[PDB]
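One structure is given here, and the rest of the page talks about it.
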Amino acid sequence: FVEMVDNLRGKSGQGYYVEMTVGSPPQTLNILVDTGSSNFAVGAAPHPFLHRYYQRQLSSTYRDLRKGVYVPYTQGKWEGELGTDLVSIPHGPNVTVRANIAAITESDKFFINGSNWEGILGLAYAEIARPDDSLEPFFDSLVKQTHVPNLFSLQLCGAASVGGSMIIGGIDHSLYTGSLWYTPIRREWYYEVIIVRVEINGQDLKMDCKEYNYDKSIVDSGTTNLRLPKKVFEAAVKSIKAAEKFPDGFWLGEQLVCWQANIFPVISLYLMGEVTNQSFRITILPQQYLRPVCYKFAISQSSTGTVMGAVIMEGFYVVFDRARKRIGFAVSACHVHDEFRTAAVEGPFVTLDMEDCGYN
Ligand SMILES: CN1C(=O)C[C@@](C)(CCc2ccccc2)N=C1N
């Protein structure tokens, strides 16, 4: 799939985007790749931060759905008008599908000033689509209208500019080393998974595993940080500082920390495996959670559950195997390492009562 290799670009902190075309004749747009939502939504009016925007009036294949959507978040919000149109991915499979598109007509704290993308491709499931689950997500339309196999994979490489690969409909073995290990998608809404154990520096947190997934744990290409429930976060900071100059605000991501150009440990998440009582672990390095910015501590707290963002994903090739309701992780070919260590994916381990780790 050398076709699709290196089809992702971006800037540090501003997400990964893929080029797409919309409409007839095709309009080129850069589109944020987001496994944490399910709407395909594109700027459709000259907001001054945008390099480009969807112009429905130019498209002979546009169809108005005559319904608007209001989409607020914790930070920003956007509003738009729903329609369908023909959509392609030039450095993707060789097909053209009719898909839902939200023409964004008004937004606040959503688009990034200085960024080079103009829309968002929500790759998760219909259940969290707005305004509701009848609004078929793009990838569902893609698979339903073509012979493209029902899976995609992401290699996020993070270098100011970043690159990566989104292999649509398959897997490229050049993008990873060692073996793929799979964890069950617990429910098709977000890409939800279950953390059964957490280690730092090899020693374990010894918390009720339910604390790792309150009230969910997801895989999200649209988040930068590893985001942990507060309880989990504090223990992780304790263990990590243990492995100095520790201003409290820094851990709270309230301030920045500057060193000059090992006292930080590896971090292992054990994920629910495919077989009863079997799990595996993925291990990241400080090079994943210390983000060159004066590095920012890229582990943060949340109230939405655990989120495995780019801090987790830049260490791994991640396979979103929707056909088999599962997500695979393998050591990424592009991840940043030493001559001493690497990120790791290892198994099998024996972990009992894994179902109990899921909040409900
Ligand atoms: C974490 N997350 C959101 O808060 C909602 C969205 C839709 C925001 C995507 C976004 C927007 C601007 C910059 C980065 C990511 N997707 C997410 N995955």
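Residue numbering for chain A follows Swiss-Prot, covering 60-218, 229-312, 316-333, 339-370, 380-446 in order.
Per deposition record, X-ray crystallography, 2.2 Å.
Cβ coordinates are placed from backbone N, Cα and C, and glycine is handled just like the others.
For reference, Swiss-Prot has these:
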type	residues	note
ACT_SITE	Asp93	active site
MOD_RES	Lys126	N6-acetyllysine
CARBOHYD	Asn153	N-linked glycosylation site
CARBOHYD	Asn172	N-linked glycosylation site
DISULFID	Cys216-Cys420	disulfide bond
MOD_RES	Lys275	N6-acetyllysine
DISULFID	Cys278-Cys443	disulfide bond
MOD_RES	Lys279	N6-acetyllysine
MOD_RES	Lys285	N6-acetyllysine
ACT_SITE	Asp289	active site
MOD_RES	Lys299	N6-acetyllysine
MOD_RES	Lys300	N6-acetyllysine
MOD_RES	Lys307	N6-acetyllysine
DISULFID	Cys330-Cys380	disulfide bond
CARBOHYD	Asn354	N-linked glycosylation site
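Cβ neighbour count for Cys443 (disulfide bond): 23 (other Cβ atoms within 10 Å of its Cβ, all protein chains included). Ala312 and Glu316 bracket a stretch of 3 residues that the deposited model omits, and the distance between their Cα atoms is 9 Å. Close contacts with ligand 1, defined as a Cβ under 6 Å from any of its atoms, occur at none of the recorded positions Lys126, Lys279, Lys299, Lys307, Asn354, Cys443. A C-beta separation below 8 Å, combined with a sequence spacing of at least six in one chain, links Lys300 (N6-acetyllysine) to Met276, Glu280. Note that 5 residues are not built between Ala333 and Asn339; their Cα atoms stand 15 Å apart.
The 10 Å shell around the Cβ of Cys380 (disulfide bond) contains 9 further Cβ atoms across the protein chains shown.
Taking Cα separation as the measure, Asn172 (N-linked glycosylation site) is nearest to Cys380 of the recorded positions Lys126, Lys285, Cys380, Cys420.
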